[PDB]
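Both backbone and side-chain heavy atoms feed into the values below; hydrogens, waters and symmetry mates do not. Every chain is numbered from 1, with letters handed out A, B, ... down the list of sequences.
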There are 4 protein chains.
Amino acid sequence: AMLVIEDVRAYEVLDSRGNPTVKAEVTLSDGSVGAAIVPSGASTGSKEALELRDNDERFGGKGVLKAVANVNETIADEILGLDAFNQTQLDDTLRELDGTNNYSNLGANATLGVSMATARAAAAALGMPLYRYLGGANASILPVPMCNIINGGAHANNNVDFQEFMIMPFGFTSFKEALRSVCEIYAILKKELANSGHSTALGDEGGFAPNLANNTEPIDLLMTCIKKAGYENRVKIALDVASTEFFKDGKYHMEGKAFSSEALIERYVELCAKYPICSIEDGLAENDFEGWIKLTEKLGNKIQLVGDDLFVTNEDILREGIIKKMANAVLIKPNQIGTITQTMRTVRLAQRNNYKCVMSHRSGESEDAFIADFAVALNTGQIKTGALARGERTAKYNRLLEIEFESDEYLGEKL
Amino acid sequence: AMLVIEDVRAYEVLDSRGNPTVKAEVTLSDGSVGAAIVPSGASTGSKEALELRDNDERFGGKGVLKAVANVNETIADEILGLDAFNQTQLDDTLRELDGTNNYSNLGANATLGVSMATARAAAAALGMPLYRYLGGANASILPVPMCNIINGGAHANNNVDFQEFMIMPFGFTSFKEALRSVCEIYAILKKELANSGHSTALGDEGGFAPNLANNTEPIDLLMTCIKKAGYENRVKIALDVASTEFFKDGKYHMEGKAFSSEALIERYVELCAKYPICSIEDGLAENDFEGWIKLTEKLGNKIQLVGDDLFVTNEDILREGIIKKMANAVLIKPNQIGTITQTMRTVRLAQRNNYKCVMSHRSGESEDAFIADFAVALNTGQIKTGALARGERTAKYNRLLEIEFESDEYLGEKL
Amino acid sequence: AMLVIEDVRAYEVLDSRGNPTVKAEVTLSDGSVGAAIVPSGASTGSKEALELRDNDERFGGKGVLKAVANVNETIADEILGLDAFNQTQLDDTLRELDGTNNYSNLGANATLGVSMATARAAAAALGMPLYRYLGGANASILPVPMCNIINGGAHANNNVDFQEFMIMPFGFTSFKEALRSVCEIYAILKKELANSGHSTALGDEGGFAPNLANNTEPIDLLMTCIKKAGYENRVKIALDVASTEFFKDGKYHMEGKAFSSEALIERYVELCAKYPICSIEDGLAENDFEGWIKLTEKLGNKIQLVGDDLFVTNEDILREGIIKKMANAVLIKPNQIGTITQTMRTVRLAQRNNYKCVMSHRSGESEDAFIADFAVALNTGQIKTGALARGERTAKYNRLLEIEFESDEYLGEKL
Amino acid sequence: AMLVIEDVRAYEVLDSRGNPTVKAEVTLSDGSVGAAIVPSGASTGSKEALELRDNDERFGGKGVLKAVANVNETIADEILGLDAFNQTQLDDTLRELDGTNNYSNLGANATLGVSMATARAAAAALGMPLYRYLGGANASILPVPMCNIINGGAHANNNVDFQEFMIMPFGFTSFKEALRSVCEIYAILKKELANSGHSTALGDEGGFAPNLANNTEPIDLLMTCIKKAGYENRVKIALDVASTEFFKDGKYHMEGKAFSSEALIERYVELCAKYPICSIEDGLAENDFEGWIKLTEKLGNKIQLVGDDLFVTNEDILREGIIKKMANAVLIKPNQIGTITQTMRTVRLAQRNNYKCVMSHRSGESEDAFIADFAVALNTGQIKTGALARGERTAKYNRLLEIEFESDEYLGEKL
Ligand SMILES: [Mg+2]
Ligand SMILES: [Mg+2]
Ligand SMILES: [Mg+2]
Ligand SMILES: [Mg+2]
């Protein structure tokens, strides 16, 4: 082995909502250090990989001291002396040590931080950028971002049922010019809101949560801001419906109605005919398997249909989805699965079977921009990393602006 | 010269509000690299160091391509080959190259970034943390934070005159426990706001801007939340009144009145008698010199009186203030003055003359945590770096949690 | 730049058929050296990147002294001092230096060798295997080989119209066992041929060219050998028809008849219904656009349809093929396009649009196993590199056996 | 010891006929790596050093898993920590560890791999070409190749008795021009066979096996091709009769007859009177001692007489040959004897006693070109490494073309 893991440590830091999370730091035998901050995920649930939370008097039960302990003691003891450069061996060792199928022992907050930290340490020792370490010279594509600038659903307290209303800048030949257009549109939206007596205060991802009437008003507002900014036809709309949040008893409860699966599908067809929606995430619920099958038949050749809660970044669940023809794209949330290698597996599966991958943030983020490198490393072509404000979101865009001096490839509207 | 500056560059990145700002990167002759991002400043005004803005069609007038060109061409040409370790010579060269008394040639956004980036590159060459590079083995004190968790004034659209309502965790023997307290109190406040029908969406610094009635309602709310959290007597209140914003025709226009300077002082005496306010910033206007003299006589021995707009991190203006006995503390905003050395000169003058220094963020921040290390390097004992949310604020608290593993001295209530 | 290209040279070597070709060697500023040998291409044609041949009295007009001089003089002069690790800038520089759309100035045999040699040199400098240099930690899949063990058409002198009859070992969980199976099937074929009085002497790719009656006898013989070897149901059949070779006057002349495009497609339907054929390459001619659209409608959901002459590894021609729905896979011959970057672009375009990539050899190969690393770097999942004999074929299989000790993932029949 | 052997391993790869062989890899304590592939030999026999073969269900009984194990376990355990640069000590240790006179224990395929691999690793550590490591600055002579371009005997299934019909380019002042002459002659031979209805498919060493009528018809064809190519009198003919293959009950069964030793000798005399045959290998059988003595007396001062099966590269057998005046040259096959030092011992014996050495390939070769370096290292002046086709042959020619840029000395016709 060329270099080995010499030291590993973790400690408690704060995420962008002010809750604790794990930072890990790995030192190699040449003295190269890498570190990484894990975004916040879910500590209960039977599908997702689980993060460990302390549930004691500190920080409202949200301390991560046990996750931190598991890195400093259990993981440390198992990985010191492993080859720094064999990411797959490190990640498989983490899985085997945990011994469950959802990291319910070590905690995904313990395993991901160590997984990302080791990769960074390896890249540092080679003097190479992280995206080159993860994806080689083939790492090239700067992703088209989808930028959540108007919020509703559970992400707000309004009458808007849909969770995320996003703008996507396709009509550009460079990432920086694309980034500039969404920045300009966001500024215009802020003004439009202020001038009609709405709050300009921000939600967790940097977007606005004004109390609008329904699910089409926010779209109309995006359209008029896009046009006023001078980008008509070059910026399109993406939605995250998060339909599991309002699915009860076989029905979807929105817009004062109780919708059937088939009726909600017809609603999306309607919306897609009237507005330049290019993508819809979680249009149907995470267990509405029959509905998704229909959704994909009706719209899967016209628009992107992204599984988030449907697939939870999980290779096996995505495989069954691929087989049964559900969706045509998958949100990629690395902490949801627990190591960089398992994330890569899910992405490779999707890309071998015509599913697009959207590298994704979490609601509780950090200053760590790992997912900007990851999106380029795997040529995802898409990233979902927030509005154009709040440092835990702008850190990712800034990283992508850096990577752009070395590899400036942006697909925009090109195949 | 041991190592020399070998390369200097800059490029446009985004600050935490979605406006462009400068990131600079300096490479030394051993290959060590340092980078820094500059927070947003003022591009107009007659007192402060000015940042350069392009004022063209991009980003609503706020592009920084001229500043960036100033790093890439003008500064680079001048500093290539200078001793990496002579910060003072670097910063003095920048001042001379600029040739003005307010950086209105190079732009303070061009000079600060290079000043910061060179310091990080020198610390990296030595394998030393930034705070050790800046302040040596004498760097020791983890500062007490003042955290802006309720906003008013120009920072919101309410009936509240004062700008910032802050909590300061004095009653603790460690920084980690001090920070926990403010995080717990912030979470409690978030919940109180939500249950009382206020928005929990955030202002620029991560605080809330509810439409409250007056200037004491916000204080009462902080007090309730402090006690509910279990930290009664251990956490005090600081204010930024930003009184220049309501000073007109010799009078202060607040609480539906027109106060003379004398009347406003006795109002502060009242407030300080009723509540545990330990610090008031810009209690009087930036040009109300007579008022400041009287205020300082009246409360200067009981509470901290911070000059922000009064001093603008400027050594000369501070010197006159000391001589005239105005204030007993100074807010330190490095980008206001334009280099690290000029910042250190202002701090040293203050500390030689019994004025406390509060190391400060700006409204437009980034993921760069320089001011955390800077606060420790200079033993300021206090920092003002935002609420306990938004990554551009939590990055500083996190950096302070890392520094604490090497130097854990927290003064708290100790002399 | 960490390391820069310090030296570039070339010289004439011999390919696996005894003709000259270009060997290039690149030295970096730390002393690291990479070398590569270019497979032989086409010095005429209207679509392909051209290789320069001397056309003098040496080597029957096939000298490459002008290609060699282009590396030693023109390319060298231009790329000395360029950043070793920026493959894309290297390859874009080679393209621009050339100035044409098909390397008809420098020659693709001049540019590919330097392109590959720089990549090997950068990988050696980092102590990294080439596949990790090219595809990072994400480089993982060992490809399923398609092995050309019976020949016909222009690659023989017989009644067989089709050019290549190949076996593909799908039914295995490891590459080594898959490879053993095809070696075992190959040895059995050899014995069967010898016992029937056929020659066991080899064509250019290591396969046999017995004088068989038609296009189905070779397939019947492959099935018999698959079964005797013990691998029934685990090894499938792939074909390269190379139909352009018998396309004349809008018809295909084979099996003693003149087929319409439509009639030839129906022959493939019949063949596929009777035999386990998983892939057909150049089933229709390189210019039979309407036929390919029909073929792809008819069989593209059931079998792999590989464009070789159709696409000539060219991203622009492939892109039109995607838009026009022709084929669902593409043969990747790096020397056909001229740089490793242009190769990666064609592969990325393919993989974004649901086309499979088959990393391929040429008839004139060398001991250079670059395409083995390249297949793994880009997770192509498939490779065509010859029969299981002749060192210029076995060098690639051996390289894949070496890569297998570091990443052993073999998909086989898995999605 | 400047460096020591730090790691030793082996694994199965494929030879050029598609059978397993051993690849060995040796790493030194500076991290320098050397690797080597063993050509195929004999698992049985009472004269040659033996290669170990598995004899189980894998690869028709040709697996080398036991050889591989002997490298990874027995050898490794014995040589780890030995001086990297003491080639003689390493090779003697291998011989001692084996404890037989014919490597029947470890297997010659286990020991030669390690022997070559260590030499390459030492050369790499010194930054020197292998031929310099083995032969120093005195290593100079590029060998005259004998190129087997028409096959008979056991190497085909024709009515041709002799095994190899070779061309040798003496009439040139550079190796490259000699190599070009043989490439051009081979191309002309290919055309001649294709126009007279013969197969152009290749045998194991890259030559053709047309069904000719006797042993002079092939020579006639070589002469025609030499003259048509324009190289008359500059290229000569060398034969390998491999007469042991047809020797039985005292006599030599060829051309429908049983020849006495003396009659076969008179046949060589006739053949050498009529054609420019400069060398004959194994003209008489391996145990026909009285015959060899007469053949040597008769033609030994006129033509080269090479022992292959007569001497099996074995020092002791050659020594007795020298004493009894049998042959005037020895074929040198390193895997036949089992280490580089032992190979060297045999060559030095020969060169001290006026025996010419022909560095030789095996019919199961690999991409490894060790024997090209070895020929130059020892100034053999002659090499037999196949036809001008197939990668496992052209790899050697190419390596000699590389060495020619550093040492261009070619004797050709000079003493
Ligand atoms: Mg979602
Ligand atoms: Mg202030
Ligand atoms: Mg083809
Ligand atoms: Mg022989």
Where the side chain of [X] meets the backbone of [Y], is there a donor-acceptor pair that is under 3.5 Å apart?
{"X": "B:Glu404", "Y": "B:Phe175", "answer": "yes"}
{"X": "A:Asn314", "Y": "A:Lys47", "answer": "no"}
{"X": "A:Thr394", "Y": "A:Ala389", "answer": "no"}
{"X": "C:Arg132", "Y": "A:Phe85", "answer": "yes"}
{"X": "A:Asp7", "Y": "A:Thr27", "answer": "no"}
{"X": "A:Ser29", "Y": "A:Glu6", "answer": "no"}
{"X": "A:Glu392", "Y": "B:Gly391", "answer": "yes"}
{"X": "A:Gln87", "Y": "A:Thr118", "answer": "no"}
{"X": "A:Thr346", "Y": "A:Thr313", "answer": "yes"}
{"X": "A:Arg390", "Y": "A:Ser16", "answer": "yes"}

Using the benzene-type ring in the case of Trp, are the ring centres of B:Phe405 and A:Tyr11 under 6.0 Å apart? yes
Salt bridge check: are [X] and [Y] linked by an N-O gap of less than 4.0 Å?
{"X": "A:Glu51", "Y": "A:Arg53", "value": "yes"}
{"X": "A:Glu402", "Y": "A:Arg399", "value": "yes"}
{"X": "A:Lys62", "Y": "A:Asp54", "value": "no"}
{"X": "A:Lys333", "Y": "A:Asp308", "value": "yes"}
{"X": "A:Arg120", "Y": "A:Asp368", "value": "yes"}
{"X": "A:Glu12", "Y": "B:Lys176", "value": "yes"}
{"X": "B:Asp373", "Y": "B:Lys396", "value": "no"}
{"X": "A:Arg348", "Y": "A:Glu315", "value": "no"}
{"X": "A:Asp316", "Y": "A:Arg319", "value": "yes"}

Can you see whether [X] engages [Y] through a side-chain donor-acceptor pair at a distance of less than 3.5 angstrom?
{"X": "A:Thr339", "Y": "A:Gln342", "value": "yes"}
{"X": "A:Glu406", "Y": "A:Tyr131", "value": "yes"}
{"X": "A:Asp91", "Y": "A:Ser115", "value": "yes"}
{"X": "A:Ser140", "Y": "A:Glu409", "value": "yes"}

Heavy-atom check, side chain of A:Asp15 versus side chain of A:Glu365, under 4.5 Å
no
B:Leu401 versus B:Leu179: any side-chain heavy-atom pair under 4.5 Å? yes
- Item | Test log, rule side chain to side chain contact (heavy atoms under 4.5 Å, CB included), inputs A:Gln336 and A:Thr343 | CA-CA 9 Å; A:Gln336 214 169 216; A:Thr343 303; over 6 Å; no
Inset, instruction - Give the C-alpha distance, both sets of side-chain angles, the deciding distance and a yes or no for side chain to side chain donor-acceptor pair (under 3.5 Å) between A:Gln304 and A:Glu281. - result: CA-CA 8 Å; A:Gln304 175 165 268; A:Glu281 177 189 323; over 6 Å; no
**OP:** Before giving the answer on side chain to side chain donor-acceptor pair (under 3.5 Å), spell out for A:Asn398 and B:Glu367 the whole-Å C-alpha distance, their side-chain angles and the decisive distance to 0.1 Å.
**Re:** CA-CA 10 Å; A:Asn398 291 348; B:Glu367 67 270 29; 3.1 Å; yes
For A:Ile332 and A:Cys357, the nearest pair of non-hydrogen atoms, with its separation, is CG1-CB, 3.9 Å
Rounding to 0.5 Å, atoms OG (A:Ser43) and CG (A:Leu52) come to a distance of 9.0 Å
Rounded to the nearest 0.5 Å, the CG atom of A:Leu106 sits from the CG atom of A:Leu97 at a distance of 5.0 Å
From the list A:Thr385, A:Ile383, A:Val358, side-chain contact (heavy atoms from CB on, under 4.5 Å) partner of A:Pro145 resolves to A:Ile383
Over 60° means perpendicular and under 30° means parallel, so tell me whether A:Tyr355 and A:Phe311 are parallel, tilted or perpendicular.
perpendicular
Subject >> Check against side chain to side chain contact (heavy atoms under 4.5 Å, CB included), A:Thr21 and A:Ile37 >> reply: CA-CA 7 Å; A:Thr21 193; A:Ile37 300 172; 3.8 Å; yes
